[PDB]
Every structure is written in C-alpha cells, then in structure tokens.
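4 protein chains.
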Amino acid sequence: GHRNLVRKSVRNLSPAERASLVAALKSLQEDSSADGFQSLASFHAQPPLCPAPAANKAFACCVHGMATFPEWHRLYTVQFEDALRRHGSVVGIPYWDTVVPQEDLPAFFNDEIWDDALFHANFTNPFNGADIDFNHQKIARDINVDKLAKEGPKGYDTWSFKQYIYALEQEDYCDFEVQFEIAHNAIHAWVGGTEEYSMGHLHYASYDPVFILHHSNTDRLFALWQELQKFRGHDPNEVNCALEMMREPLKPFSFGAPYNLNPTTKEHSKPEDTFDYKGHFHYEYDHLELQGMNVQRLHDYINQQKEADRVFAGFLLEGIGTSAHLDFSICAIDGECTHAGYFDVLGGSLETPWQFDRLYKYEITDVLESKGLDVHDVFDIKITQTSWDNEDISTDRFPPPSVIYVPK
Amino acid sequence: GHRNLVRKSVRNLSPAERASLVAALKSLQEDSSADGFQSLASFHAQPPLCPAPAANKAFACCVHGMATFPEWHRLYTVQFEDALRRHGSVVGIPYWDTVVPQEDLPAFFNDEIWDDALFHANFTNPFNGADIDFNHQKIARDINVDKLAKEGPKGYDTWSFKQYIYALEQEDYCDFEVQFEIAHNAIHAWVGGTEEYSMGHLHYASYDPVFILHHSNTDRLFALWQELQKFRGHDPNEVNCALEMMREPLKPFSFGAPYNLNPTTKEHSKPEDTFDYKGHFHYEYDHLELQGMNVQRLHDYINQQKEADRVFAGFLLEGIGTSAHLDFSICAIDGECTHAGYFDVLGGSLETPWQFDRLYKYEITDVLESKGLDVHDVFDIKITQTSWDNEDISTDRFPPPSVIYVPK
Amino acid sequence: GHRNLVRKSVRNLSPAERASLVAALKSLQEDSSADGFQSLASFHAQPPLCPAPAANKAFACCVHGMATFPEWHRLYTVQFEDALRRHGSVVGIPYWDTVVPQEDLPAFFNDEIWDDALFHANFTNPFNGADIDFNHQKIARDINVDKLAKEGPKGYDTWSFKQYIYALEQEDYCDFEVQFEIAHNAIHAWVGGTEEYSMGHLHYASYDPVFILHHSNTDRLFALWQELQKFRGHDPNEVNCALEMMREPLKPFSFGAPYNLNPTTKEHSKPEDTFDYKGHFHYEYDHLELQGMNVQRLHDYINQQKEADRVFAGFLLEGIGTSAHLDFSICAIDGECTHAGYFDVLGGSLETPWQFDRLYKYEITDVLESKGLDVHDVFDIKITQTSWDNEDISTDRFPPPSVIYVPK
Amino acid sequence: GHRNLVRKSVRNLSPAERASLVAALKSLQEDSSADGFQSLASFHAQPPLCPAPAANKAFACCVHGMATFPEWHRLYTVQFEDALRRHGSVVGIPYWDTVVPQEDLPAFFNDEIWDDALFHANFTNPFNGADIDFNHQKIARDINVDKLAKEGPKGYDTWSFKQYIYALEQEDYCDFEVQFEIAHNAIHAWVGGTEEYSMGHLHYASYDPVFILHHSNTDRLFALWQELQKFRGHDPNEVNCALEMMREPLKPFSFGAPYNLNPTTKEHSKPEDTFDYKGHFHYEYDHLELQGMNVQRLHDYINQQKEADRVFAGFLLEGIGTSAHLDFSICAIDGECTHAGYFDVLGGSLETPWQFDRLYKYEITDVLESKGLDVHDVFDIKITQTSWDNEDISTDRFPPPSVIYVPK
Ligand SMILES: CC(=O)N[C@@H]1[C@@H](O)[C@H](O)[C@@H](CO)O[C@H]1O
Ligand SMILES: CC(=O)N[C@@H]1[C@@H](O)[C@H](O)[C@@H](CO)O[C@H]1O
Ligand SMILES: CC(=O)N[C@@H]1[C@@H](O)[C@H](O)[C@@H](CO)O[C@H]1O
Ligand SMILES: [Cu+2]
Ligand SMILES: [Cu+2]
Ligand SMILES: [Cu+2]
Ligand SMILES: [Cu+2]
Ligand SMILES: [Cu+2]
Ligand SMILES: [Cu+2]
Ligand SMILES: [Cu+2]
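Below you can see the structure in the form of structure tokens.
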C-alpha cells in the first residue's frame, strides 16, 4: 500500500500475494496463541466470553443488531490482519466482493488442495476450511445457492447492488447502518446454507476462513460510505447518532491480555474512534468504489435514483433465535402476489438481544410498476420467515410491515 | 355553513355558546340510543368492542402507538360533535388549550352546578363528569399535578409547548406523530391522576367529558400541522407514510348500524379520508395558531430552533401493560444526576399491543449544558417508569435510550 | 341393580327429588372407595389411567375427537348415576338442557347452600363444586358467556339450536357425531371460562358436578337422535359406520376391579353394546325433544330446512393439547370482514391425539345473505384461535376451512 | 391458437397420426426454450419452482392430495399438448387407457425405434424415454406388475374398473376426487416399479412421456365423470364443493413469462375456469366411455350396483414424502388373514404436505363374502406399507382403517 497495507480483491492477487496468504493462515491456523487463529474465533461467538470472558451467563459478542456493529467487525478484520503479517501476510486481508454476479467461484478459497510444487509445498488450501476446536466438528459450507451469480434485470441490477447502493444513499449514519448490516447477512447465508457449523451461524462463521474475506469487503463497503460522505460534505468520521454506544468500548478487543495480544485494537475499542481507519489502523483499499463506479460516479448515480417516485416496505426487525431468512411478496386484492424481495438475519443462541431503533426500508417500486400497481392502490404485503433449516417460522406477533412512499 | 360548525376555546365561550353546550350533552347524557353518550363512549376502550362486538377475546378499539392514531381520535370527536348537534348544539366541541400555562381549571367544566339564565334552573354540570354505567362505577379526576399551572424558564416556553412545538418541526407525518401523541398523552394523566376510573386509564378515560375537550385541542393542533405543512409547501392532506394502515377502515366507525348510527363517520372510517376535516366533517376551528404566533410566525419560529446545536434522548417505546409514567435523568460520570425530562403513556390491559417503529426523541440540550456538559461528555442516562398506581416497573428489559446529536 | 330411572330436567325437579340427589352426591363426594367421587372423577382424564394404569406414558382415558365418543361419555354418566343410586339416590341424573336460552342459573347447581327442606337444615350444595384432592386444588367456574342467555336472531334458534338441529339432520351416525361432539363442547367452555381448574379443561372438568349435569343433557340429545332415526326408518342400536371401533372395549370401564367396581359398566364396555340404554342401563328420559319439539316435528322441521340453498364452512379439526376456542369471520374481497360463527374444542396436555376423519361443517348462509353475497360471488374466510387462558394460537399450520354448497 | 383437437386412444392411432406426434415431440424434446420439454417437465415437481421460483424453501408445484388436483393435471396435459402442436403436432395428446387389461405394451410408446414410414427412415421413438438434464440422469421404467394385464375375477372388472367405476358413482365432486386421484396413482406405480428416476417418483415422472400418455387417459375419465353428472342432472363446469380453492391460481401455469410462455395456460389458471375444456382448451375425446360403455350405460351400471349391501374399508391418507404402496388384507378372529385390496400413493421429498379432508373408501364386500363373513360378524383388518425401493414403512402411526357399511 502506502507502506498502509493494501486490501485487494482476493481475485486480482499475485501468485505470490496468494502464496503468502496461504502459508500465512496455514501457520495462523495452528497458532495456539491467545491471538492465534482459533482463539480469535472465540471472539465473534462460541465459545462466548463477553459480559467478561468468564462471569455468570456468557453472552457471545459481536455487536449484531446494533449501530456499533461495523466498528466491532472492523476491529475484527484487522484483528485478523495484524494477525496474518504475524505470519508474513505480504499483504492485507483481501476482499471477496460478492457485489457482483460471480459465475465461477473465487479459487482463492474454493480449492481444497494447493500444489506449491514448483516450490516445496503441496497440500490443503487452509483458506478453504478450518476445524472447530471445542465444538469438535468441521466448518463445512453448503454454498447450496450459487445463485450469487444471479439477477440483474439490467446486468449490474442485482441484489447486493440494490441493497448496498440504497445503503449508501443514506446520509444519517444510523440510517445507513441497519441497511448496511442486512446486506452483511446475505453472504453469511449464501455460503453456510442449510448446514449447522458454518458461515450461516452466529455461533460458527468465525471458524470458516471466508469470514475474513467477506467482512473484508463489507468493511470495504463501510469505507466506501465514509469516502462518499466526505465527497458529500460530511465529516466521514463524524457520528452524531447513537453516541451512547460509540463511547462504550468494544469487547474483547478491550479485554487486553492475555485474550487480545493486540494493542491497536485494544487502544481502539470505543467505536467512536475507529471510523477513520487509515489513521488508527494503517491499511486501506486499492479502490474505494462499488462495481467499477467512481465515488463520484456512485453519488451521481444515486441522485438519479432520487429523480422519481419510489415505494418501500418497512421492516421492524427485532430478530431473535437462530438466524433465519425471510421472503415477502406483494399480494393483490383478489390475491395476486409477486415475489417482491427478501433478506436474512444472522443469529443464534448466545446472541445478545437486539431490536433496531428504526425501520429497514426495501424498495418495491419495480415489482409494483410491473404488476401495473401504484402507491394509490390496494395491495397487501405478505411474509414468511424460515429458519436456516426447512422449519416454517410463525410470522404472527411479528409486526406487519409499513409501505412507505418516497415521491419526487 | 350548509355543508359548517366551528370550534372555539372553552375560554371564549360566550354564555350564549356554552349554554347550548350545557343542555346538549345533558340531553346527550340521557340518550340511551346506540349514539348516545354511554354508548358513544366504549367506542374508545371498555367495554371492548373491537375485533368485533361479537368476538371472543376482545381488545380496546382505539388506534394507539400507531400512525393512524390521530385520524381515529379525530374521527371520534366528530362522532361526539355530531351527537351534540343532534341534540341542539350550535357549536363545535370546544378545545381546552393546555399548551399555555393554566391559571386555574376552566369553569365550563370545573364547577358542578349549572344554574343560569332563562330556565332559572340549578342542576349538575353535565360537562363536569358523567358516570360509567356498565361498571356501576362513576367517573373521577385527580389533578395531583396542577402545578401544570405555569412553569417556564423564559415564560411561554412550557413543557407541552416544548413538546407540541418540536412535533410541529417535522414534516414526516410519522415523525410528527410519534411526538404529537406522546404530547396528547399528558393531560390523559394530568387529569385522572391516579383514579382507576378516569382520564388516566385507557379503559374508562373516555367517559369523562374533558376527553372530548382535550381531544379537540389535539385535533386542533393536528389540523394546525396540516395547515403548517401547507405553508411549508406540502399537500396537507396527503400522508406518504404508513400506507398499509392509512387504509384499514377504523372500527367501530366502520361498523355502521347498529353500532354506529352516524353516517358520515362510516363513510369515513378510512384514516386516509379523515385528513380533510372541513369538507368531510364540516367543522372549523375559530382560529389556527398555537400560543400566539400564526401559521407563519410558527414556521418563522422553529427555524430559529434550528440555528443551534441541540441534543436529544431517543426512547424506543414498545409500550405495554397499564398506563404508566417514565421520568429520566442524566447521570455524570461520578454518581449524581439531574432530572432530564419526562413523558407518559396511557394504556389499559385491554389494549391491542403496540410498539413504535421509530424513536421518540426529546430534547436534553440545555439541561445537559447547564451541567457544564458538552455533547461529547462521558455521561449516562437512567430512566424510571412507574404505574399510575405505584409499582416501580423493572426496566431491566427496556431498551436503553439513545443520545442523538443534532447539527446546525 | 333393580329399578328404571327417569332422568328429569334440572328444573322440573321436585324438592323431594332434588333432596334425594342432594343428599346422595353429598355422600358420594365422601366415598373414598374406588367407585367414589374423587375416583370416578379420574375416569375422564386426570389422574390418567389409560392404556393401562401403570405403564410409562399414560393418557386421559376419555374418547374425544373420535367416533366412539358419545358412548364413552354415555357409559360415564351411567357410571356416575349408578353411583349416585349406590348412595341413596332414586332418580336419574338430571340434565341441564341449554339448547334453550337460560335466563338464570339453575338453582340445583347454583345455590351456594341448600336447605334439607323436608326436615330443614343447612348443608353445602354438593352439586355446587368439589375439591380435587390429588391436585390439592378445587374446581372453579366462570360463566364467561353467561351471554349464552343472549341468543336468538329470531327467537329460540340459539347457537346450540342451529348447532344441534344440524347434527340431527345428518342421517349418518358418523357425519353427525362430528357435530354432536363439537356441540358438547360449548357448556365446557361456558362454565369454565378462564379458570384452569374447571370444566373447560379436559383434566379437571369431570371434577365439577355440573359435568354430569351437562353430559346428561348431551346424552339426552344422543337418545333423541336415536329417535329421529328410528322415526326415520333405522335401527337405533346398530350403526353403518365406524364399525372398526364400535367393539373395542371402552377404558377403564372395562378394566373391572380394582379400578371399576361397577359391573354393568364393565360388562357393557363395548360401544355397540350401549346404544339401547334402557335395557342395558335401566334409565330413561322424561322427554326426548329439542326445544320441546317432537321427534316427528323434528323430522318436519328438518326437511323444511332441506328447502333452500345453504352454504357451510369446512373444518378439519385435530386438536392441540389444550382447550382452545376459534371464531371465524368471512371477509369480503373488500377487506371488510364479518363475524360468521365459532366453536370450541376441549383439549388437554394429557389427551390421545386425534383428528376427525371428516370435516366439521357449520352453516354461513345467513351471514352471507345479510351482506349481499352468495356461493358464486368472491369471498374469503378467516379464523382466530385463542386458548382458554388468553393466548392467541398460531393458526398458520391449520388447514384452511373449505367452503361448501349444499343445494336441495 | 385456432384448431379443436381430438385426443385418440393410443391404439386406434393412424400412422399418419402417430407420425405427426412422433416427429412433434421429437422436436419438442429438443426445445431448449422455456416451453420446451425438459422445462415443461419442471412444471410438475423437480426442479421445484413453486411458491415462487426463487424463494428459499421450494416445493413440487404440482397439486396432489388436494381437491384441486384434476385441474392442475388438466392444465398440464394442455400445457404439453399446445406444446406438441407448437412443434407440428396436429392431433391431441392420445390417452393410454388402462382400465382395460393391456395384454401387451402399446407400440406408440414402446418401440425402442420408429420408422417414418411415410418417407421411411430411422429415428428413436421420442415417446419412449427422455433424458433429465438437470439431474444429469435418464428416465427408466419397470413394468413391475405388467401383471396389470392380469386381472378380472369375472372379466373386465379390473382393479382399475372397480376402482374408477366407484369414483364415478359418487355424485359429490369432492368425495370423488378422492377416488379418482388415488386411481391416477396406479400407472405411476406400474410403470416405474422400483426405478428411482421414473414414473413412480413425484420428482422425475413427468420426465418420461408416458406420463402425458397417462394423465391423458385420466383427464379422459374426468371428462367422462363430467358426463355422467350432466347426464345425472348437474352443471359440469361448477362444483358445490371445495370452493375455497377452485379459484386460487394454479402455479406455475399462472406465473406467465418467463416461466410460462403459454397464455392460455396462464389466463386459465383458476381451476373453476377449466372445467369446460373444449371452449377453453380446444380439444376433445374420440369417445367418453369406460370399457366402451355409454354415459347412459354407466348411469345404469351404477345404480345396479346400488342394489346390494356392500362394505368398505376407510383410509385417511396423509402422505409420507416418498411414493409408497400399501395393501390391506382382512384377517379373521381366527388369525387367518386374507388379502382384500391395495392402492398406492405418489410421494416425494419435495411435496407440499397434504391430507384428504375425507376418507378414501375401497369396497371389501366380495372378499368378505368369499370367507363366510359380513359387516356384523367379527373381523379385523391389517395393512402393510412399502416404499418403491423395497423398504417396509412403519405403519405404527397411521390412523387405522375404519370399516363402513353402505346399505341400499
Ligand atoms: C492427485 C494426483 O496428482 N495424483 C497422484 C498420482 O498420480 C500418483 O500416482 C500418487 C503416488 O502415490 O500420488 C497421486 O494421488
Ligand atoms: C495423497 C496426498 O498427500 N495428496 C496429494 C497432494 O499433496 C498433492 O498436492 C497432489 C498433487 O500433487 O497429489 C495428491 O495425491
Ligand atoms: C362579552 C362576552 O360574553 N364575550 C366574551 C368576551 O368579552 C371575551 O373577550 C372573549 C375572550 O377573549 O370571550 C367571550 O365569551
Ligand atoms: Cu458478525
Ligand atoms: Cu385514546
Ligand atoms: Cu386519547
Ligand atoms: Cu369428555
Ligand atoms: Cu317442616
Ligand atoms: Cu402428478
Ligand atoms: Cu414409400
């Protein structure tokens, strides 16, 4: 990078860059050290250790369902970087930008073997699996849905684009968050699938190697939002919202030794001061941009989205239990529904209670125009949460959604 | 007039006017028909009449914590106003402005003896109380806060003013309601105080005649907003918010006979169609202002409110149980606090569940500062919610209040 | 043992008569013996002593949800009757008919105390409640809908009438026990309202005496149907239906000593062997007429109904595990629903799962008509399930009601 | 588009005719388009594309176990027929009638190869199997019971005859689809015997063409019933039954583009709108007679049956998740059982759970008679369930069969 470690597409890496990361985590993996892989995992969920790392009832950590979410996870990736160079990660933990239709799957983390046979090495792509220690099983993803190589009625017109872009449109940090965070979940799910020990499970994603690679990109999106904020005229590290959490540290990052042998994360635990990453954490992205759209190109695209009447459904997420996913559709008066959109929440047991202080908006303008329906009409919205396993979830007490309207 | 009634303050009510009114409800109070007083009372709460009078588990029947709240309560006064009409009234249901500091509690409804001219009579003040029949009980009032009688750092800048005015600084209807309603909640308590049977108890609170009086000033100022919105450029009769509910016919009004003999309110159960009062209900307010400044002077006021940094506490109101009061204090790092502010909610144990889909912000600016406190100063915030009875209710699971900051 | 008995209405009871029964159960209720009250109480459901009385997992021995229900409960009133006799009774167990709107609560079972009145002295009305020793608890009551009195959109046609009359229409023993049972569910509800230890709970209900009182009026209908059929041309005592189970001994009446010291009760445990009560069980009814109408008049009243197009909703009952109650409305394409009817089951932790082999029908012609609708027009139809202890039951997994059309 | 079609028997087919269809499907089977074979194949069950085609948990879109089954499969033969036409076909999809003992296997679908024979040349018989691309597998067959040929304790009365004849007796649309479906189950079994990828599996079966062939002979009976009824006095196109679902659009035929490029198919997705095939779907049958017997002769043959006491067993089907087959005998009190009958369902991992709202009946008079037994005598009745892949299915939890008696 500048010195700043540069985080890049796990895709356009160097045979060398790659190699380094391979040996790196390979080592990292059997680093029984407090700041060794396997204990880092114990941060995000199981074994939990948050109220304290051993007090009464152990809630797991990882600010999920709250504002101070990205800050937490931001420390975590770095907590993994300032962890790879411990093993000579010649570079910064690369990102797997799911935001774009990926036909073939990135080989960096799909291969189960790796012939360093040119050099002296020939085995498993450590960046393709790990072993859950205490819970003695194997993270084994079930991508199941490789329709993460899907839609785009216009090509780039895909889920994540719609998701992030909107997220990005938000100017109030907190508005941006709920949305930003829901896209996070997508990939948690799109990979863990219907399996237990995997990326689709609060308690276990940490264990899988791709975790880093994804949050690396989510935190790359986060960055992308700061940068756009700056371009809009706002201080990108200014959070005037939720100023009750930002000051409160961030466990265990704040725990110090001997659970976190890092000092920067430690010193930088109060989210408040974790926004401007480049300073406190020297690392950066090669291209703060979304799907080859310049920061000015993004802004600009957004304001063109604003050029017309739009229609959204609001979601009051209170989420609890295991992570689940939900579909919703626009039923017409005699009952003519159309799949309108979907989203998923990550979660488990030890999750720490959470309820968004606000709605999760989700555009439906299109599905509506298609079906010849306007905001002046009678149409009802219908949902069905569903567990990470064929278990229909009662959509009863679950507050019905609003149906916002954003003119101009 | 032909196709309108006019609403004045109880305090500008010429004996002429109030005479009509005294004999009106008096007659009303004796109307045993489905659109006579007693009847026209449960429409609110007890006895339950809402899923359907015939249903098994029955809830209240009035929209609370919900964007359609004002329209319902607005539709309700029309219901009363129309009965008085049917009973020799010649004026609209007067509003008891509680905005301005009350020197004493108005005559119209305070004394309990209507003597006066023409008939040379001498009998009870119908507008001073009725009595709950089904319950064999009788209405009550307990103004344990009459110190509601003028507080105000700089004079006319009083609580409910502070309150109702913020609310007006808001063009996102839902945003304004979640504030416009908490305001309204105050009198509900300022009057019933602690009487299990009174303006302070979701259930019987519709039987005391102030209900109407009060709910007329609210309806008043709500009309105000509309007006104000006009002066801001927006369509004062369009709500591009919560449309999923702005369309569900408001019961009982949507019941028609034999529960609701009034036609122009079935014809209007849809909130959607309750915004245009003068026109669908033909009833006007004498004036449209709030404590002095006109619609304009209003707009030309709030702005000033926006010329300085402000600091709010947001409250995530899931509300449920019985009516109850919450007060909150800012606590300095050390251990001492200062009374922050306080709001209250009205709520029977016969209410349909309800949780707001947005935070309920309230200003702690000054207080904070008058405590040598900066928006960026390490400080906590403890809350207290006690019933109307006096059981301290454990907030152990009440979501901690945020601490929003505000630019400009 | 020797002598017939004539069961009378719980109103045309002569103080001599009443006296014999008052003193009888009084004695019964102190009969510690296996054929004593607290014990005969057990036969229905709790303490369960079912497949056997000693095996690991046990259930409430009573038949519910199955074809063979009316026999089980028939043997049971006999079991109790013979027992009342054994203690001095000399009249059959009276029946509290409720197809007729009760304007008050029959003395027999309501007085808190009774007066020998044939020697004058005070004792508590044994037919007014009882203890429940194993549970160390006491029955209780709650006449919930004493609004049962409240009935008759056109006179005597009360819910139960419509309800039983229909059951009497069906000429197939099976198609009819569907209705006849679901009818025998109402009093259960209307006497135990929300109280856990009462009639509304499979477990304790047979602990309260009004059960005997009820199930005597049901068996009164069962005999009556037996007339309507004989009058119709059929041999009462045989059924062209369900023969798979009409011969499986009923428990525990079959056990014999030591859980059933009664021999007629046992020897006649096979339901087929109990259709001709008087012959097997010496006992008859003062009268067999619903609303005082002849078996002939019934056969007339029915066909007369067989004269218009009707319309019914279809219910596939299965039974939760707790007594519940659902009422279904019948919303228009508009979104304006309209209460149309209801029924309730009698569930219980300790039951043996059951589902009726056919649908339970329930006419909606009328409600339809009074809404400008008919079988060809478009209408939807909604349900809402509630537990006895106010607790909405998820109806998500509840096969939707079908809507029939019956010509003639 | 324009022109009627007459569906013929798969035997009285003229080489010209056959030719048009042979070349047609041949073409069809190479139609990669949404309305191509491999795709139209999907409509039934696998690949599932059901509630919607993109939501998380998906099911086989086909209706089974429900009232609305005969329409679904009716729209489906049309969906395929129009498609055969689109490729050159000019005759309706023939029907392989099997109510009549097939002594051989009809050429149409059996020759491994065919000879243009109207220009002479070899091509493979497209109506003889197909590939199944998604599964990367190929249909297969196993005529298991080519012992189907084997039938007739007294001639033409083959299992299917007894079976269908009965379905035609019932005059209630619903009571009859119970039989009519369970009948449409036999060929499924008798063609796919033990082979996983064949007709005996909900998933793949519509992949083999003889399905079309079958479901054309079923729809042939469905029309026939429609005669017997019209002849009986009823309006074919309406049903006095199940109206709750006769108007719920069938999937995916309703979807439209891009999963159903057919418009008649969609526009007529509501089952009510499909009873009068010829009118909606241009197409008829050469004949409508079971065993060559007139609609009149049927109405005669039936009543004639309505002339003796019969006896039936009762089955409450629910459906496992896999196609199964059970056969019930009817053991004496002796311990000497006697095969009495059987039937089989068509299950599948991917189904939408269903249970019939009523029992499925199946007569045992005869077997009873030939054993010196009748409805009053004592006899028990046993079942044995086996999977297609030899695997005894636990019948422990399977509501026992009831045994009816039908006089007249
Ligand atoms: C995976 C691979 O490249 N194949 C090699 C194989 O050619 C070789 O015979 C062997 C020596 O034991 O190691 C294998 O498994
Ligand atoms: C059996 C074993 O150790 N696995 C080897 C692996 O090391 C090597 O990378 C691969 C290609 O040479 O050949 C496999 O057979
Ligand atoms: C003369 C009279 O009765 N009318 C009074 C008036 O003097 C007073 O100014 C007004 C409030 O400003 O209230 C009216 O009722
Ligand atoms: Cu996380
Ligand atoms: Cu209210
Ligand atoms: Cu109110
Ligand atoms: Cu019972
Ligand atoms: Cu005496
Ligand atoms: Cu099928
Ligand atoms: Cu030739």
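Protein chains in written order, with the deposited numbering: chain C, -3 to -1, 1 to 405; chain A, -3 to -1, 1 to 405; chain B, -3 to -1, 1 to 405; chain B', -3 to -1, 1 to 405. A prime marks a further copy of an entry chain.
The beta carbon of each residue, even a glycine, is placed where N, CA and C say it ideally should be.
Any beta-carbon of chain B closer than 9 Å to the one on residue i?
| i | result |
| --- | --- |
| B'/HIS(-2) | no |
| A/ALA51 | yes |
| B'/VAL292 | no |
| A/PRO246 | yes |
I'd like to know whether the C-beta of residue i is nearer than 9 Å to at least one C-beta of chain A.
| i | result |
| --- | --- |
| B/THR319 | no |
| B/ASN132 | no |
| C/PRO350 | yes |
| C/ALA239 | yes |
| B/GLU333 | yes |
Quick one, are the C-beta atoms of residue i and residue j less than 9 Å apart?
| i | j | result |
| --- | --- | --- |
| B/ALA180 | B/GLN160 | yes |
| A/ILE110 | A/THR121 | yes |
| A/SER346 | A/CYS334 | no |
| B/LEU81 | B/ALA21 | yes |
| B/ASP139 | B/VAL188 | yes |
| A/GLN35 | A/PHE173 | no |
| B'/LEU225 | B'/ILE330 | no |
| B/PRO50 | B/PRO249 | yes |
| A/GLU360 | A/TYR153 | no |
| A/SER11 | A/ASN214 | no |
| C/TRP69 | C/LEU210 | no |
| B'/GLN288 | B'/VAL97 | yes |
Are the C-beta of residue i and some C-beta of chain C separated by less than 9 Å?
| i | result |
| --- | --- |
| A/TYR402 | yes |
| B/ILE209 | no |
| residue 408 of chain B' | For chain B', the structure presents residues -3 to 405; residue 408 of chain B' sits outside this window and is missing. |
| B/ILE129 | no |
Would you say residue i reaches chain B', if we count a Cβ-Cβ gap shorter than 9 Å as a contact?
| i | result |
| --- | --- |
| C/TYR339 | yes |
| B/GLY311 | yes |
Evaluate residue i with the Cβ neighbour count: other Cβ atoms within 10 Å of its Cβ, from every protein chain shown; 16 or more gives buried, anything less gives exposed.
| i | result |
| --- | --- |
| residue 456 of chain B | Shown here, chain B extends from -3 to 405; a query on residue 456 of chain B therefore has no answer. |
| A/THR381 | exposed |
| A/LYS358 | buried |
Quick one: any contact between the stretch 388 to 397 of chain C and the stretch 51 to 65 of chain A, if contact means 3 or more CB pairs under 8 Å? no
Examine the Cβ distances between the stretch 100 to 107 of chain A and the stretch 40 to 52 of chain A and report whether three or more of them are shorter than 8 Å. no
Counting pairs of beta carbons, one from the stretch 270 to 282 of chain C and one from the stretch 134 to 149 of chain C, are three or more of them closer than 8 Å? no
The stretch 261 to 269 of chain C / the stretch 69 to 81 of chain C touching (three or more Cβ pairs under 8 Å): yes
Taking beta-carbon pairs under 8 Å, can you tell me which members of the stretch 371 to 404 of chain B lie near chain B'? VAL372, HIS373, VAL375, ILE378, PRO396, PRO397, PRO398, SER399, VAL400, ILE401, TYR402, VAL403, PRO404
Determine, using beta-carbon pairs with one atom in the stretch 284 to 298 of chain A and one in the stretch 306 to 316 of chain A, whether at least three such pairs fall under 8 Å. no
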